[PDB]
Amino acid sequence: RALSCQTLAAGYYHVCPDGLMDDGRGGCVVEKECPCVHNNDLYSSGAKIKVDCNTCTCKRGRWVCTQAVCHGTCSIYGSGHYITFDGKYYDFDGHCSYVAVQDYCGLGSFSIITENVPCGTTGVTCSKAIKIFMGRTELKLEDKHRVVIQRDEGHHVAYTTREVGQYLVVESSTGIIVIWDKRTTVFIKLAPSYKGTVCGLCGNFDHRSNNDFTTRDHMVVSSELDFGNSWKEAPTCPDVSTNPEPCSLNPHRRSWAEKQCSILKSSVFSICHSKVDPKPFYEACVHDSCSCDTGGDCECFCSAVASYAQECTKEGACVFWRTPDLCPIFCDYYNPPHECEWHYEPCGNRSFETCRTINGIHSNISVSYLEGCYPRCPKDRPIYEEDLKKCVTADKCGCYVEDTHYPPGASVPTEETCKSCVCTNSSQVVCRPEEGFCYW
Amino acid sequence: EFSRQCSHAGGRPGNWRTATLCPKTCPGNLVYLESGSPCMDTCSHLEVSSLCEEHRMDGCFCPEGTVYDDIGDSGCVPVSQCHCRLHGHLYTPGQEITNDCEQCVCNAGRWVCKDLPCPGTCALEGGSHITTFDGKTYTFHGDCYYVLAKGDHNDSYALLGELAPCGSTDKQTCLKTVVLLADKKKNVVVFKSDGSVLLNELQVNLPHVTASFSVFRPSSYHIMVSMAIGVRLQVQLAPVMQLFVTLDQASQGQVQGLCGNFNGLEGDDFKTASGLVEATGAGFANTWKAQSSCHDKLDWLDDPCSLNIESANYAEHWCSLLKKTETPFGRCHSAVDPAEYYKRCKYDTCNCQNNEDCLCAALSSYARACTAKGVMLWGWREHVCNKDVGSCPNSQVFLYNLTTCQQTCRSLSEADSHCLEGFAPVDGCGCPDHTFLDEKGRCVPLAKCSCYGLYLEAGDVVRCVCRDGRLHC
Ligand SMILES: *[C@@H]1O[C@H](CO)[C@@H](O[C@@H]2O[C@H](CO)[C@@H](O)[C@H](O)[C@H]2NC(C)=O)[C@H](O)[C@H]1NC(C)=O
Ligand SMILES: *[C@@H]1O[C@H](CO)[C@@H](O)[C@H](O)[C@H]1NC(C)=O
Ligand SMILES: [Ca+2]
Ligand SMILES: [Ca+2]
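Note that the protein sequences, when read in sequence, are chains C and A. Read in order, the letters of the first sequence are residues 780 to 793, 801 to 892, 897 to 1226, 1237 to 1240 in the authors' numbering. Read in order, the letters of the second sequence are residues 270 to 721, 724 to 733, 739 to 749 in the authors' numbering.
And the structure:
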């Protein structure tokens, strides 16, 4: 009879004396002061940690956590790698427009589509554009820019587009969020009010992952290529039959790919090995490097490594892996002639003041873990205006009306009648009537 | 052209084409019109018009209702005639089907499905390859006793397993012994990897049927145990010890161990017994040690096919057979994807030091998963693992459908005491080819099987004359 604080629930079926039990940290301890373990880390009694929306506590060698429902996340990345809302990795290489997510599941309020095209000569395909239908408005993410289309006359469901780090973030007041890295990666986040009322390549988000392969006609299949083929949009698009194997069709490119992608398994990421399993990212890195055989193959690799570095940051391991010879980043390009304010933030853990949050506007998600270059505005004009990427005084930032920036003083355009508008010299947008009939 | 300009500017012209004024025809009841939306509903892609980013022109369209038929080949048929499809065959609106764990009926265009009970299976294969009740494959390489699976209530049962180093390095492990704790943990049964099953530290004889559970040994290389609670066990003793556990569907969420919780979600499978979820495969496993004295292990971020170069060519040349469509395994390609089995075949063949034994053990796992979904691989031992196919005893021959109740004369004497169901057919030496196994040696014909008490020769009489197998008592 020798308990150890880790065989507590085992049963002791098959040193410390009677009573006290080994804790794994040192001398014997009573059951009450028995510590807790998590991801190869040993926490004493009465500690605190957070898991993605909640907070926990090591009570009696056991964790007690709050119960709130975190958001739901779907991931699209690489040459056709998908992660659904309930955590089911898979691959699919199509050439058509596919329903990423939607609410018209057998009347609906939105839809998010994607556009996959071939990239390479081995047959693999990758995403290169996004379309967002909200009510009647249609946003399109394309050519590193956001384009509005068919803006509805007077409903104009409130959204917000901005740029954080290297990523472009589009949020909707209803509870939809899209994060786009401008090349191939996409994250879709949904609020917990949509639970079990969506369908598409990202599953139906019901905390149950044995039914995410539901086809368009409400049938559960067991094949990736049948689930994928049933969500194409144009009926004339062809059907996928087999998944190509890049590194087998391009033998001469293997040696390089297996050598560069090996950094994930090196000692550089030694801190993150106990928190995120690197194998499903190493496989994606090798798969992507063997396929980009028509040019610009140093860009397929850096994004693949960044996808894993971002998760390491998200779980609490800020790692600095870029070097002047490995995926360099050119930040100070944005600085004024020779005043140094923009800095490469390896893991984005910085909360500064913009002219949006200065007026009480706040988001609903923490995006404090995105890589990129960030400002460090000086002390003579410390408010970061986003639509121009400029450090300005608290007075002269902008107005931000109808998702359009307007410089202070500038006559604010208005799609109303008899209503002129101006951005005051106090960052305040104010409108007046004109009796030229109509009145106030 | 005037009409096209009329439509393009924003106007909507009316029909002018009559039967005598340049008419136009389309197949079926496709009526020609001007100024109608090209966004059509097609009996599969419904609600297209809500996402229509285009203006309208002329052409052949459908009436107000009667969405266009896409699955079939008719015209603008009504909505309540849409024929369903399922990997080919065109199912009519009213024809039913039964899928794996559910049954569906073709309603108007869309299936209506209803769940059916179907059990779950945990598998411990190879030296270290654990498949939970919800997939979630991972590799461990442990060294201790571990709690494979035990009923959570207080006592119901417990199933353990000895994972320990097997060759030279720590990275070559094996399963060495299976321990079962049942009957309120008042009975301990032990299976060692040499046969020699023993109960309460005492050797036992097979078959052994009791009130609570039972054990059988149909082919001398497979031990099959049934428990009245709803647990079923298969233990394979060659070429490498393996374990398969099957549970009913009335114990969903009441099991804990290395085999997960069996609740339908494969993300909380690594959920420790003390709250939060782990990230790696070794971190979660260490928390289920049955002996406090054992140490903790860590994952292994390497591929054995890169450390043993001389073995890589051998491993590839054979494990690649799984993807060859002309090979016997090519048949199974329709049902079960072979990619994971191929990768694990390479891993095991490169890693262990008995390369042929690991090759055969890995190759015999595909031919069990496939033989569970109907497709049965007949005669797949003709080139690869025929090392013992021809070694069967005098009248015995290697069979692929050697089930439990193809047994000797005494099995027919009762014929209903030990015919446990829900057990997959297994291979091995036998010959129940209407020649029922004799008391010993060659499998004699039905005429003189035996008269089973003791098994007498085919010349005795009780007045119940001794005859072929059965007795006219
Ligand atoms: C964060 O979520 C809240 C919760 O809805 C959003 O607040 C909504 O805002 C819209 C318009 O601004 C109102 O019509 C809703 O009534 C609000 N919701 C509630 C519950 O009051 C908020 O807009 C979201 N954040 C952003 C930046 O849009
Ligand atoms: C096994 O299959 C063979 C097929 O040739 C046939 O003899 C029979 O279906 C089975 N044999 C038995 C049940 O003894
Ligand atoms: Ca689901
Ligand atoms: Ca589970």
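Note that the Cβ used here is the ideal one computed from N, Cα and C, for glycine as well.
Query, Result
"So, helix, strand or coil for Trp970 of chain C, using DSSP?", "strand"
"If you follow the alpha helix (DSSP H) that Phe271 of chain A is in, where does it begin and where does it stop?", "271 to 278"
"Give me the residue from C:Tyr1134, C:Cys1037, C:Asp879 with the minimum Cα distance to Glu1014 of chain C.", "C:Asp879"
"Would you say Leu534 of chain A touches ligand 4, meaning its beta carbon is less than 7 angstroms from a heavy atom?", "yes"
"Less than 8 angstroms between CB atoms is the rule here; does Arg998 of chain C satisfy it with respect to chain A?", "yes"
"Mind the definition here: the region 565 to 579 of chain A touches the region 422 to 430 of chain A only if three or more C-beta pairs lie below 8 angstroms; say whether that holds.", "no"
"Straight-line CA distance for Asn623 of chain A to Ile1119 of chain C?", "50 angstroms"
"I'd like to confirm something about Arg998 of chain C: is its beta-carbon nearer than 7 angstroms to some heavy atom of ligand 3, or not?", "yes"
"What is the DSSP secondary structure of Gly864 of chain C, counted as helix, strand or coil?", "coil"
"Give the range of the alpha helix (DSSP H) segment to which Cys1037 of chain C is assigned.", "1036 to 1039"
"What residue range is occupied by the uninterrupted alpha helix (DSSP H) comprising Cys1102 of chain C?", "1088 to 1104"
"Would you verify that the beta carbon of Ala1099 of chain C is, or is not, closer than 8 angstroms to some beta carbon of chain A?", "no"
"With DSSP run on the structure shown, which of helix, strand or coil describes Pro607 of chain A?", "coil"
"Among A:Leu355, A:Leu449, A:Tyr415, A:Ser483, which one has its Cα closest to the Cα of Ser1012 of chain C?", "A:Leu355"
"By the DSSP assignment, the alpha helix (DSSP H) with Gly552 of chain A in it spans what residues?", "550 to 555"
"Return yes when at least one heavy atom of ligand 1 lies under 7 angstroms from the C-beta of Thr390 of chain A, else no.", "no"
"Roughly how many whole angstroms lie between the Cα atoms of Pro1126 of chain C and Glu1161 of chain C?", "22 angstroms"
"Apply the 10 Å Cβ neighbour rule to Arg780 of chain C and answer buried if 16 or more other Cβ atoms are within range, or exposed otherwise.", "exposed"
"What residue does the alpha helix (DSSP H) around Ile578 of chain A start on, and which one ends it?", "578 to 588"
"What residues match up with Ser1201 of chain C in a beta bridge as DSSP calls it?", "C:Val1212"
"Under 7 angstroms Cβ to Cβ from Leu747 of chain A, same chain only, skipping five residues before and after it: list those, please.", "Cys720, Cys740"
"Just reading off the beta strand (DSSP E) that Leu432 of chain A is part of, what are its end residues?", "427 to 434"
"Compare the Cα-Cα distances from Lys642 of chain A to each of A:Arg711, A:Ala604, A:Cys373 and report the closest residue.", "A:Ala604"
"Can you have a look at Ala427 of chain A and say buried or exposed, based on whether 16 or more other CB atoms are within 10 angstroms of its CB?", "buried"
"Check each candidate in C:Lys1065, C:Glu1073, C:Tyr1124, C:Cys1090 and name the one with the smallest Cα separation from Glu1101 of chain C.", "C:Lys1065"
"Could you give the C-beta distance for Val348 of chain A and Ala377 of chain A, rounded to a whole number, given that I count them as a contact under 8 angstroms?", "6 angstroms"
"Is there at least one Cβ from chain C nearer than 8 angstroms to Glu371 of chain A's Cβ?", "yes"
"Below 7 angstroms, is the gap between the Cβ of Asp696 of chain A and the nearest heavy atom of ligand 2?", "no"
"Using a 10 Å radius around the Cβ and a threshold of 16 neighbouring Cβ atoms, would you call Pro803 of chain C buried or exposed?", "exposed"
"Measuring CA to CA, which of C:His1133, C:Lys1104, C:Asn1040 is closest to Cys1082 of chain C?", "C:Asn1040"
"Along chain A, in chain order, which residues have C-beta atoms closer than 7 angstroms to that of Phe923 of chain C?", "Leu320"
"In chain order, what residues of the region 854 to 876 of chain C put their CB closer than 9 angstroms to some CB of chain A?", "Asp872, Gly873, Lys874"
"From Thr390 of chain A to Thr673 of chain A, what does the alpha carbon distance come to, in whole angstroms?", "20 angstroms"
"Give every residue of the same chain whose Cβ lies closer than 6 angstroms to the Cβ of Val336 of chain A, excluding the five residues on either side of it in the sequence, and list them in chain order.", "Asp310, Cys312, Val348"
"Just checking, does the region 941 to 950 of chain C make contact with the region 918 to 928 of chain C on the three C-beta pairs under 8 angstroms criterion?", "yes"
"Answer with yes or no whether the minimum CB distance from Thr367 of chain A to chain C is below 8 angstroms.", "no"
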